[PDB]
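J.: Take this structure, written in structure tokens, and hold onto it; I'll ask about it next.
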Amino acid sequence: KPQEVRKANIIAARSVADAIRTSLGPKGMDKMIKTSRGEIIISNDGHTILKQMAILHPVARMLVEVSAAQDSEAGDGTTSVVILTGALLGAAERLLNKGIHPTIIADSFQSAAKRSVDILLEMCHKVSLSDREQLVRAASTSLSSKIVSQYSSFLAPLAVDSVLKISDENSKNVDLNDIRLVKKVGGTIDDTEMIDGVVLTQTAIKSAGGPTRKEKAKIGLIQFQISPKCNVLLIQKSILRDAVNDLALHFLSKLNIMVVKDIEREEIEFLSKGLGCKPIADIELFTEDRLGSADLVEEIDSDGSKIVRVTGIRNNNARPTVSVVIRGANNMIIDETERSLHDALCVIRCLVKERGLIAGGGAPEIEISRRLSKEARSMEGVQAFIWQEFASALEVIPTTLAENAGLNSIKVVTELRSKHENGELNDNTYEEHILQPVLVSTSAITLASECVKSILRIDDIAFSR
Amino acid sequence: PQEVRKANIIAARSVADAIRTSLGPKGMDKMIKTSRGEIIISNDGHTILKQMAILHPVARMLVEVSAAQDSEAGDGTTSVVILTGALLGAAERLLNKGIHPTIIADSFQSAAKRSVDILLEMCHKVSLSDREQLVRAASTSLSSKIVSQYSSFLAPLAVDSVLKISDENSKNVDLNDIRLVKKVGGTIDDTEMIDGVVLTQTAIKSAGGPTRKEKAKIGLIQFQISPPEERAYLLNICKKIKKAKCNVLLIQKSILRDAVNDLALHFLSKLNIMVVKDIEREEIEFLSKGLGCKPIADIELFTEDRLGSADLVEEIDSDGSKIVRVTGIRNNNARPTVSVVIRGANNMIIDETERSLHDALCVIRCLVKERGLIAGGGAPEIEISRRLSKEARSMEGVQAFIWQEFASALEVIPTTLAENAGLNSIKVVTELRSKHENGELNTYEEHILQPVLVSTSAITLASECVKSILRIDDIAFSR
Amino acid sequence: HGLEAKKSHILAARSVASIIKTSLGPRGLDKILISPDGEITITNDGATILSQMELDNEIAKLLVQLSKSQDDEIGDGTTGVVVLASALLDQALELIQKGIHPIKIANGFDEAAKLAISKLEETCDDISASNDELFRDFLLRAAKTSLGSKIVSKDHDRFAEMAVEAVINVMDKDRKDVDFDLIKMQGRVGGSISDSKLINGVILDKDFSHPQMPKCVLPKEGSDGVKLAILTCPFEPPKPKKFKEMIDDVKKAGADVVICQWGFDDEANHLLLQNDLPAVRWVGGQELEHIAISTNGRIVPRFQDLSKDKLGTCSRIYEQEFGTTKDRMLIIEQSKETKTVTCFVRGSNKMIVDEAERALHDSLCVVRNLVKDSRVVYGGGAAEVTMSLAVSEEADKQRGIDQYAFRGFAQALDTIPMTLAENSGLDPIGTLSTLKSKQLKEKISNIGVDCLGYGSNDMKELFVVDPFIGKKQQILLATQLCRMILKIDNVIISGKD
Amino acid sequence: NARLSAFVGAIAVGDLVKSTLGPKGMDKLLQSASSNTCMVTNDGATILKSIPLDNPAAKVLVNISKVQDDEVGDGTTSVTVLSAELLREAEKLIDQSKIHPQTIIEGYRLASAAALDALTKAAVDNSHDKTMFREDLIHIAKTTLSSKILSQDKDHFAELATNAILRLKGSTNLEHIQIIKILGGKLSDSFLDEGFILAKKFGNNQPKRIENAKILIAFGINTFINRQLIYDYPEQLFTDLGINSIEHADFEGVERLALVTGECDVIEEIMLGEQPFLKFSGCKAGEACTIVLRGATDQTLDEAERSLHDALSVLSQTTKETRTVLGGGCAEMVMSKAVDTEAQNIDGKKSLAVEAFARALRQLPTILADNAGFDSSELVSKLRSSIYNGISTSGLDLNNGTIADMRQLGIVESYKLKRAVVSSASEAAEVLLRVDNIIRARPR
């Protein structure tokens with residue numbers, strides 16, 4: 001029974017989706033997870049639940065990879081994509097009882113996903129990146145879900161102005177890993193410096209002889225360490241042996257060469273991209289062509305930070321990589337602010353790759369299910385019946401939102417089909433400032449079609465070592 | 001389907017090997033204790049297989065084969081079981097070679113027919129006109145019985161009895177028409193042929209009974225003389241018998257009522273009508289054949305045309321016997337039969353004497369169907385294997401290997417004869433095959449002879465038995 | 001309880017319904033059944049199969065209770081209602097999990113059923129108002145569908161006309177009332193089906209007592225019908241709580257044959273033989289009523305109350321020998337239309353007689369609904385597909401909670417064409433989607449699943465019609481049954497003492 | 001659950017009679033609780049009726065076998081085995097072959113027409129030279145007497161049944177031939193007599209030979225016949241009046257007398273087997289014959305009764321249909337070619353259903369070679385290659401083991417017998433394929 005073995009994995013996969021189903025939305029139910037090490041963590045984020053769940057089931061681990069790609073591409077909807085995946089698995093259970101092979105089930109999802117996107121783009125309102133008033137109100141609403149509210153007014157133009165410089169035109173995917181959120185102890189939320197050139201994670205030399213400032217400097221990346229025309233050099237942090245000898249600090253001080261040591265190993269790959277330089281393993285291969293370009297290098301300390309900033313890289317291959325600096329008093333300030341602004345950059349990232357926006361709250365899922373139900377008569381054969389089950393599987397997202405909010409399940413869903421007939425995208429979430437970008441709803445359906453496909457295509461599993 | 005046949009062959013081989021030890025007079029006797037507590041001891045194969053109450057369905061067929069062995073040939077009831085198991089034991093290796101039992105069964109029938117012609121060519125041709133070999137055949141067969149010196153006079157009495165009913169082309173003759181009546185008293189030296197008929201009982205011992213009558217009619221009557229004034233009811237019964245002039249009345253024995261009332265004895269005494277009562281049910285069919293009469297249920301069915309004729313009906317005076325004899329039945333339609341009276345002082349005499357005469361009449365009857373005799377002692381079993389040795393090379397196909405195994409199974413009979421006698425099994429058999437280059441059938445000087453029908457029927461019955469054993473591929477419960 | 005029985009009632013109905021799913025249609029299963037009275041027959045009729053099924057679950061007992069009342073109205077729609085009612089329970093199970101009360105499902109199917117009736121009437125066609133010349137061919141070919149699965153299919157052309165006259169005679173054009181008690185179904189062993197004749201009157205299984213009595217009754221020089229005597233009192237001299245005086249009352253009244261409920265003496269056959277007056281003995285009480293109605297007679301309680309007006313008059317009375325059977329029954333016909341019609345079928349085997357008898361009785365029930373409503377609809381799956389597309393389209397226009405109750409009703413109607421497609425060797429999903437495309441983009445028509453082998457769609461050319469009152473009766477009983485099942489949330493089964 | 005029990009349960013029915021098919025077949029033994037009722041017989045109708053079966057689907061084949069026994073009386077084993085082979089292959093047609101069950105039914109319907117057309121094209125009859133037609137009746141009688149003890153003397157019995165049917169010239173009714181079984185003598189001593197031997201005598205004491213007798217079933221009659229017994233006084237009064245009364249005439253004896261006479265020239269009384277017999281002579285256009293079989297025991301006669309009755313029932317049908325076909329595995333081989341011939345143009349779902357019927361036609365001769373001691377897969381495959389393309393004459397030989405002609409060996413079959421087997425077996429298989437569930441009412 002090769003199909004019955006797969007049905008056992010489908011039931012186990014739907015059980016995971018039912019656990020995440022209660023956590024959907026800000027009013028969703030939290031989940032308590034106790035790790036084997038003894039750490040007790042709790043949260044409503046579906047991405048953090050599936051990461052620490054330590055699923056031993058081979059097929060159920062696909063939801064973790066989809067949730068990882070959901071946050072890496074769209075950045076939002078990691079919880080809803082798991083529920084949407086379980087809906088197609090439940091709809092395919094009745095298909096297997098009718099004698100339908102999963103290939104037709106998987107192939108029809110490709111035509112259903114591409115059709116759902118084209119229908120979604122018809123009702124979507126196309127927006128342009130040249131309008132700065134739309135991007136401020138879009139990121140400001142995403143910051144209302146956190147403790148910081150009144151201080152988020154100055155954080156809205158911070159995320160908008162950083163993307164517009166690197167957006168250009170027809171950039172398609174824009175990696176947010178190049179945008180670094182600098183978390184330093186001290187200061188306040190209202191104190192922020194863009195410093196579009198670059199921002200490091202480390203301080204300067206506190207010993208005697210260190211210039212700490214240099215004009216017209218070339219910054220290279222050196223993975224080597226000095227232990228028993230380059231103005232500024234970087235030394236990789238190594239706790240095993242000594243990084244930079246005290247005698248070497250006095251030697252380079254006479255040569256008017258600024259030294260910054262103890263560079264974090266995580267930022268080595270980050271600085272090799274935005275600065276457009278190359279890592280130098282050995283001094284024998286160390287040349288001038290691998291250096292950077294900096295007009296002025298200075299160390300500016302607001303309060304206690306003692307951080308060095310660089311501006312005007314002016315590199316042809318490299319681009320204006322911007323690092324955002326975040327200040328705050330308590331540790332819980334710069335932390336929650338980091339995750340809040342990270343989700344704001346993901347919403348802006350969705351508008352750059354795909355223009356247009358829609359109103360959230362399960363509004364498009366109702367009309368798409370209505371249009372696909374009427375268009376199902378245009379097809380013929382087994383594929384025609386799949387369009388009817390695919391439309392019913394899209395109604396689980398708006399139904400769960402009504403269940404987790406305390407409202408009547410079946411009553412609110414009927415009110416959606418009734419109001420959406422006369423009006424178009426009017427139900428009002430636009431007056432409530434609820435805006436979900438179209439790329440999130442597009443990626444949630446696209447990744448669900450590939451996730452359910454990779455499930456049904458497994459007809460058996462055996463021990464392999 | 002082989003698991004059903006292999007289970008039946010092994011179960012039947014254990015039965016044949018158990019009876020194998022009983023072959024010969026020196027063989028091992030088998031004991032059977034019935035559930036009622038009775039224990040019997042004897043070497044007879046027909047008695048052991050009958051009282052064994054075998055639950056195995058196929059093994060019960062050996063009883064029917066042993067029954068036809070004694071009914072046709074009259075000898076070899078133990079040998080036919082050994083020969084049957086010899087073919088079953090040889091068939092075990094045949095199934096291991098992938099041979100279907102149809103070829104195994106069809107080859108035994110073809111080998112049995114060819115084995116008859118081989119024995120007839122080596123057999124001594126004799127005829128029934130010579131009484132020299134007929135007397136010596138029955139006399140030497142009684143050396144295994146209590147009778148020894150008196151067996152010399154019993155041989156010619158059995159020869160002349162068969163020669164009358166044998167004729168020429170009659171071939172098989174029913175042995176049930178020969179009745180041996182045993183009675184206490186007298187001796188073996190006193191014998192009377194009485195070709196007319198002999199009854200099993202005495203006559204009326206009451207007062208008035210004539211017990212003897214001359215020129216009387218004999219007929220079977222199922223009626224009974226009983227009371228319902230009573231003498232008037234019995235007078236009409238005796239008057240209707242006088243109408244047909246029937247002076248001999250035979251009443252079937254029944255425990256319901258009596259036979260003849262004492263008041264009717266005085267009525268029949270004046271008419272000189274002899275009455276013989278207590279006629280057994282087995283003799284009802286016997287008297288209806290030799291006498292040519294018919295059983296008469298009622299008094300109206302009694303007619304003169306169904307009555308026979310009797311020269312003289314008398315009751316012979318003897319010690320503790322009083323046997324009634326009838327001579328001169330004078331019936332052209334009914335053929336005569338032989339009924340011999342057996343007398344003796346001890347009850348154990350007249351018992352075994354009757355059984356001893358059974359084996360003497362069968363061997364003589366074997367010469368009636370097929371003339372000639374073959375010396376026993378393993379001679380016919382080895383002689384067939386000698387001829388099949390060179391004939392097996394002339395065959396082709398699967399059957400060629402069957403002829404070699406068929407001759408090997410025939411060696412079991414002479415091997416058992418050497419084992420039960422205490423002599424070495426293989427050593428005696430090799431000495432017989434060594435002299436086979438000179439001598440052939442040579443036991444002739446020891447006055448030990450065997451008829452050809454026993455050796456012929458033993459092969460024929462065993463060939464069909466084993467043939468029917470392999471035909472059962474399944475055992476089902478059907479009620 | 002609530003969380004328990006509501007789930008168990010759905011699984012209990014699917015177990016019994018799944019047995020008869022493969023038995024639906026002419027391609028279904030003929031099941032072997034053995035009655036406790038000793039009668040053995042083989043038929044696919046759902047009313048007989050469901051009645052023989054006896055189980056302790058209370059959900060399936062409602063199927064027998066509904067089929068018992070439906071047997072008198074139709075009797076051939078037992079397999080259609082159970083499958084349709086089970087499809088409503090399957091869609092009701094999903095509505096319960098969505099938070100919809102079970103009483104809403106009962107009221108949801110009520111408005112959905114009445115809405116689908118008006119949609120079917122608009123697409124319905126009429127016979128008498130369209131083509132009168134084909135009115136004869138409609139009744140003849142309607143019985144051919146039910147007789148195609150039986151040995152009758154060879155001789156079906158002869159029995160097609162017999163079922164038409166039997167229904168019309170027992171009914172009136174204006175009233176359109178047909179009773180099963182007025183139609184007698186009888187048969188005996190021996191002969192073949194080609195010798196079966198239609199009888200306009202009772203049977204009584206009478207040999208006319210002594211054989212010297214005349215086996216045929218003459219009109220006696222143009223008299224009025226054939227007068228028969230009906231006696232509610234036994235034949236015997238009067239005693240407080242004579243044969244020549246009682247026979248004179250029959251001769252003066254002119255009754256040729258005398259029918260009585262009790263036996264007669266041997267002297268009765270001697271006096272009735274000289275006057276050529278056959279006698280009838282041992283007639284049941286129910287058979288006495290059918291004689292006076294067909295022969296236009298009266299019930300005479302006493303001996304001296306006889307008269308020419310109270311004697312039933314028929315066309316003639318003759319005794320026709322049937323094969324080698326020693327029964328030698330009677331046939332009483334009538335020239336005028338009577339209220340009693342007796343069907344008589346012969347067969348070479350006892351199982352063949354009962355097989356063709358109930359097969360002919362099913363044809364009488366189909367024609368009964370065809371004459372009740374002149375308007376007929378196209379069956380074979382085309383009725384369920386047409387009624388489903390109308391409800392599914394109007395479901396979006398009807399808002400509220402009942403919007404999902406209307407969508408589930410449309411999907412429940414699709415079970416019938418998918419069930420017939422599974423028994424016909426075709427894709428149930430592929431055929432269902434094909435039938436919807438032919439009735440939408442091309443033109444509005446009725447095209448059902450093919451019960452008989454053919455090479456294309458559009459069975460309308462084959463002129464296969466079903467009665468509108470028959471199909472409407474099925475959806476009403478299926479809706480009424482589905483509501484009643486939802487009204488029982490608890491099953492109380494007492495033990496045994 | 002029901003389909004698994006109906007398919008396996010019906011195969012077990014065919015596995016009981018699988019050894020009773022063919023002249024080389026084997027005998028089946030049965031044992032009851034009393035153990036003394038065990039009887040060895042190869043009769044297929046006796047095995048099916050005696051063995052009780054709790055399977056309701058298996059009881060269907062029992063009643064169908066009774067209908068086949070009434071028409072002919074032989075070939076009932078081949079009908080059950082052929083119906084079992086269709087169900088054994090149907091298990092593979094459903095599960096792994098993806099075929100609708102009704103398609104399997106429609107597949108056998110289209111395949112049955114091809115099997116009947118193969119027998120029609122292979123049916124050859126000779127109207128001229130009645131001596132050649134008489135030899136065909138001899139060869140058919142040898143196949144009917146097969147599998148029975150009579151096969152020994154069957155060579156002598158071949159002319160007994162052949163010459164008996166030629167003396168009828170009339171209706172196929174078997175009431176003209178009366179079978180009398182007397183103990184004693186070899187089986188080869190049986191003879192054919194048209195004199196209507198009667199097993200009962202007449203009167204108490206009356207003359208045996210009667211001349212110019214007038215037979216009257218109940219006037220100036222010399223012979224009287226009564227169904228009941230006779231009282232004593234009139235039995236004596238009938239003798240003085242010259243009227244001979246016959247008694248103990250059953251319903252079967254009266255029907256045989258109505259087909260002969262009335263008057264008769266000579267009534268002679270003979271004595272055979274120790275019982276009075278009556279041999280009539282000088283009837284008026286006598287169509288009736290009497291076959292007297294002499295057996296050794298009652299068990300031999302009881303098996304010979306139905307053996308001769310079934311052999312004459314097939315020869316009686318050969319008068320209406322003179323077409324004959326070649327048997328001994330050749331008839332089933334020719335029909336196997338017509339199935340694959342019509343398989344060239346066929347639908348997708350019906351292809352494997354009809355092709356499975358072709359292999360089922362070769363399963364009947366496969367068992368015939370099993371009980372013959374030969375190799376079925378080796379011998380049938382060699383014959384199938386010759387029958388494949390043209391030149392179809394020879395067929396399976398159960399004796400020598402090679403490929404020999406059935407016409408030269410004298411093995412032929414009747415056309416009416418084969419068309420009845422292919423029909424009844426096809427209708428028997430369609431009933432069991434339809435039933436996926438069995439529901440039994442609660443008994444009382």
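Residues are referred to by chain and number: the chain letter is A, B, ... according to the order shown in the structure tokens, the number counts from 1 in that chain, and ligands are numbered separately from 1 in the order shown.
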Could you list, as an mmCIF file with C-alpha atoms, in the first residue's frame, every residue within 6 Å of range 72-85 of chain B, counting only C-alpha atoms and ignoring same-chain residues fewer than 4 positions away?
T.:
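Output (around17.cif):
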```
data_model
loop_
_atom_site.group_PDB
_atom_site.id
_atom_site.type_symbol
_atom_site.label_atom_id
_atom_site.label_comp_id
_atom_site.auth_asym_id
_atom_site.auth_seq_id
_atom_site.Cartn_x
_atom_site.Cartn_y
_atom_site.Cartn_z
ATOM 1 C CA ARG B 13 2.431 -48.993 4.103
ATOM 2 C CA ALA B 16 1.041 -53.710 4.995
ATOM 3 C CA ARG B 20 3.913 -58.660 6.480
ATOM 4 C CA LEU B 23 3.118 -64.296 6.307
ATOM 5 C CA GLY B 45 -4.881 -61.434 7.400
ATOM 6 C CA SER B 66 -8.729 -59.602 1.047
ATOM 7 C CA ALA B 68 -12.226 -61.066 -2.949
ATOM 8 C CA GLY B 89 6.499 -48.394 -1.083
ATOM 9 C CA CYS B 362 -10.854 -73.453 -3.471
ATOM 10 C CA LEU B 453 -5.091 -68.658 -9.769
ATOM 11 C CA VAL B 454 -3.747 -67.579 -6.365
ATOM 12 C CA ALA B 458 -2.864 -61.667 -6.106
ATOM 13 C CA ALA B 462 -3.004 -55.624 -6.008
#
```
J.: Do a neighbour search on residue 472 in chain B at 9 Å with only C-alpha atoms, toss out local chain neighbours closer than 4 positions, and write the hits as a count of residues only.
T.: 9
J.: Excluding range 262-272 of chain D and its own-chain neighbours fewer than 4 positions away, which residues fall within 6 Å of it when counting only C-alpha atoms? Please give them as a list in words.
T.: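 That gives residues 208, 209, 210, 211, 212, 213, 214, 215, 216, 276, 277, 278, 279, 280, 281, 282 and 283 of chain D.
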J.: Would you list the contacts of residue 260 in chain A as an NGL selection string, taking every protein, DNA or RNA residue within 10 Å and counting only C-alpha atoms, but skipping same-chain residues closer than 5 positions in sequence?
T.: :A and (202-205 or 210 or 212 or 219 or 232-236 or 244 or 308)
J.: Using DSSP on the backbone, list every residue of range 30-199 of chain C that comes out as alpha helix (DSSP H), and give them as JSON, numbers by chain.
T.: {"C": [46, 47, 48, 49, 50, 51, 52, 58, 59, 60, 61, 62, 63, 64, 65, 66, 67, 68, 69, 70, 71, 72, 73, 78, 79, 80, 81, 82, 83, 84, 85, 86, 87, 88, 89, 90, 91, 92, 93, 94, 95, 96, 97, 102, 103, 104, 105, 106, 107, 108, 109, 110, 111, 112, 113, 114, 115, 116, 117, 118, 119, 120, 121, 122, 135, 136, 137, 138, 139, 140, 141, 142, 143, 144, 145, 146, 156, 157, 158, 159, 160, 161, 162, 163, 164, 165, 166, 167, 168, 169]}
J.: Tell me which protein, DNA and RNA residues are within 10 Å of range 430-432 of chain A, counting only C-alpha atoms, leaving out same-chain ones fewer than 6 positions away, and put them as a PyMOL selection string.
T.: chain A and resi 141+358-360
J.: Could you save those same residues with N, CA and C atoms as a compact mmCIF listing (two decimals), in the first residue's frame?
T.:
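Just written: selection-v5.txt:
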```txt
# COMPACT_ATOMS: atom_id res chain seq x y z
N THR A 141 1.82 51.34 9.98
CA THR A 141 0.81 50.42 10.50
C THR A 141 1.43 49.11 10.98
N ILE A 358 -2.98 45.28 -1.69
CA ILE A 358 -4.36 44.88 -1.47
C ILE A 358 -4.68 45.06 0.01
N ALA A 359 -5.98 45.02 0.32
CA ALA A 359 -6.45 45.13 1.69
C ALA A 359 -6.47 43.75 2.34
N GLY A 360 -5.82 43.63 3.49
CA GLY A 360 -5.73 42.37 4.19
C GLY A 360 -7.02 42.00 4.90
```
J.: When the cut-off is 7 Å and we count only C-alpha atoms, which residues of chain A are near chain C, given as a ChimeraX atom specification?
T.: /A:377,380-382,384,409-410,414,418
J.: Tell me, as a CSV table (one decimal) with N, CA and C atoms, in the first residue's frame, which residues lie within 12 Å of residue 6 in chain D, counting only C-alpha atoms; anything in the same chain fewer than 2 positions away does not count.
T.:
```csv
chain,number,residue,atom,x,y,z
D,1,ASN,N,-15.2,-8.4,1.4
D,1,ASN,CA,-15.3,-9.7,2.2
D,1,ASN,C,-16.2,-10.7,1.4
D,2,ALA,N,-17.2,-10.2,0.7
D,2,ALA,CA,-18.1,-11.1,0.0
D,2,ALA,C,-17.5,-11.5,-1.3
D,3,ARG,N,-16.8,-10.6,-2.0
D,3,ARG,CA,-16.2,-10.9,-3.3
D,3,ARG,C,-15.0,-11.9,-3.1
D,4,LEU,N,-14.3,-11.7,-2.0
D,4,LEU,CA,-13.2,-12.7,-1.7
D,4,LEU,C,-13.7,-14.0,-1.3
D,8,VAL,N,-13.1,-17.3,-4.0
D,8,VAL,CA,-12.3,-18.4,-3.5
D,8,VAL,C,-13.3,-19.6,-3.3
D,9,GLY,N,-14.5,-19.3,-2.8
D,9,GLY,CA,-15.5,-20.4,-2.5
D,9,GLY,C,-15.9,-21.1,-3.7
D,10,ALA,N,-16.0,-20.4,-4.9
D,10,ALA,CA,-16.4,-21.1,-6.1
D,10,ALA,C,-15.2,-21.9,-6.7
D,11,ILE,N,-14.0,-21.5,-6.5
D,11,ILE,CA,-12.8,-22.2,-7.0
D,11,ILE,C,-12.7,-23.5,-6.2
D,12,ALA,N,-13.0,-23.5,-4.9
D,12,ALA,CA,-13.0,-24.8,-4.1
D,12,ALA,C,-14.0,-25.8,-4.6
D,13,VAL,N,-15.1,-25.3,-5.2
D,13,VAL,CA,-16.1,-26.2,-5.8
D,13,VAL,C,-15.6,-26.8,-7.0
D,54,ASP,N,-21.8,-24.2,2.9
D,54,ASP,CA,-22.3,-23.0,3.6
D,54,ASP,C,-22.2,-21.8,2.8
D,55,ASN,N,-21.5,-21.8,1.7
D,55,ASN,CA,-21.3,-20.6,0.8
D,55,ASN,C,-22.6,-20.4,0.0
D,56,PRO,N,-23.3,-19.3,0.2
D,56,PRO,CA,-24.5,-19.0,-0.6
D,56,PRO,C,-24.2,-18.9,-2.1
D,57,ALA,N,-23.0,-18.3,-2.4
D,57,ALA,CA,-22.6,-18.2,-3.8
D,57,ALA,C,-22.3,-19.5,-4.5
D,58,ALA,N,-21.9,-20.5,-3.7
D,58,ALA,CA,-21.6,-21.8,-4.3
D,58,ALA,C,-22.9,-22.6,-4.5
D,59,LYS,N,-24.0,-22.3,-3.8
D,59,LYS,CA,-25.2,-23.0,-4.1
D,59,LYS,C,-25.8,-22.6,-5.5
D,60,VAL,N,-25.4,-21.5,-6.1
D,60,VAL,CA,-25.9,-21.1,-7.4
D,60,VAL,C,-25.4,-22.1,-8.4
D,61,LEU,N,-24.1,-22.5,-8.4
D,61,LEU,CA,-23.6,-23.5,-9.3
D,61,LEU,C,-24.2,-24.8,-9.2
D,84,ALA,N,-15.4,-21.8,-13.1
D,84,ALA,CA,-14.4,-21.5,-12.0
D,84,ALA,C,-13.2,-20.9,-12.6
D,87,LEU,N,-13.8,-17.2,-13.0
D,87,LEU,CA,-13.7,-16.4,-11.8
D,87,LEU,C,-12.3,-16.3,-11.2
D,88,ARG,N,-11.5,-17.3,-11.5
D,88,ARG,CA,-10.1,-17.3,-11.0
D,88,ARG,C,-9.3,-16.2,-11.8
D,90,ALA,N,-10.9,-13.6,-13.1
D,90,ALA,CA,-11.5,-12.3,-12.8
D,90,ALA,C,-10.9,-11.6,-11.6
D,91,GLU,N,-10.3,-12.4,-10.7
D,91,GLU,CA,-9.6,-11.8,-9.6
D,91,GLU,C,-8.4,-10.9,-10.1
D,429,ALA,N,-21.3,-17.8,-14.9
D,429,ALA,CA,-20.3,-16.9,-14.4
D,429,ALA,C,-20.8,-15.5,-14.3
D,431,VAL,N,-23.6,-14.4,-13.2
D,431,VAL,CA,-24.4,-14.2,-12.0
D,431,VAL,C,-23.5,-14.0,-10.8
D,432,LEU,N,-22.3,-14.7,-10.7
D,432,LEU,CA,-21.5,-14.5,-9.6
D,432,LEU,C,-20.6,-13.3,-9.7
D,433,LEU,N,-20.3,-12.8,-10.9
D,433,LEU,CA,-19.6,-11.5,-11.1
D,433,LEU,C,-20.4,-10.3,-10.7
D,434,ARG,N,-21.7,-10.4,-10.7
D,434,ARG,CA,-22.6,-9.3,-10.3
D,434,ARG,C,-22.7,-9.1,-8.8
D,435,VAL,N,-22.5,-10.1,-8.0
D,435,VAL,CA,-22.8,-10.1,-6.6
D,435,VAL,C,-21.5,-9.6,-5.9
D,436,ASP,N,-21.5,-8.4,-5.3
D,436,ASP,CA,-20.5,-7.9,-4.5
D,436,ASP,C,-20.8,-8.0,-3.0
D,437,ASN,N,-22.0,-8.4,-2.6
D,437,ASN,CA,-22.5,-8.5,-1.2
D,437,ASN,C,-23.6,-9.5,-1.1
D,438,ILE,N,-23.6,-10.2,0.0
D,438,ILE,CA,-24.6,-11.2,0.3
D,438,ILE,C,-25.2,-10.9,1.7
```
J.: Restrict the distance test to only C-alpha atoms, flag each residue of chain C within 10 Å of chain D, and return the flagged residues as a ChimeraX atom specification.
T.: /C:19-20,22-23,27-36,49,52-55,422-426
J.: Can those selected residues be exported to a file as a compact mmCIF listing (two decimals), in the first residue's frame so that it contains C-alpha atoms?
T.:
```txt
# COMPACT_ATOMS: atom_id res chain seq x y z
CA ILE C 19 -24.69 -1.78 -0.20
CA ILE C 20 -27.35 -0.57 -2.66
CA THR C 22 -23.99 -0.81 -6.89
CA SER C 23 -27.60 -2.03 -7.23
CA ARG C 27 -26.90 -2.26 -14.56
CA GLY C 28 -27.26 -2.83 -10.81
CA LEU C 29 -27.36 -6.04 -8.81
CA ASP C 30 -30.11 -8.66 -8.68
CA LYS C 31 -29.95 -9.96 -5.11
CA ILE C 32 -31.00 -13.44 -3.99
CA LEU C 33 -33.59 -13.22 -1.21
CA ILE C 34 -35.40 -15.95 0.73
CA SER C 35 -38.70 -15.10 2.40
CA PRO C 36 -39.72 -16.85 5.65
CA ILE C 49 -34.35 -5.80 -0.69
CA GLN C 52 -35.54 -8.17 3.95
CA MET C 53 -32.71 -6.28 5.66
CA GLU C 54 -33.18 -6.46 9.44
CA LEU C 55 -30.71 -4.74 11.78
CA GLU C 422 -19.70 4.09 -11.59
CA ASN C 423 -22.04 1.20 -12.46
CA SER C 424 -21.82 1.92 -16.21
CA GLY C 425 -18.02 1.72 -16.37
CA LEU C 426 -17.33 5.44 -16.82
```
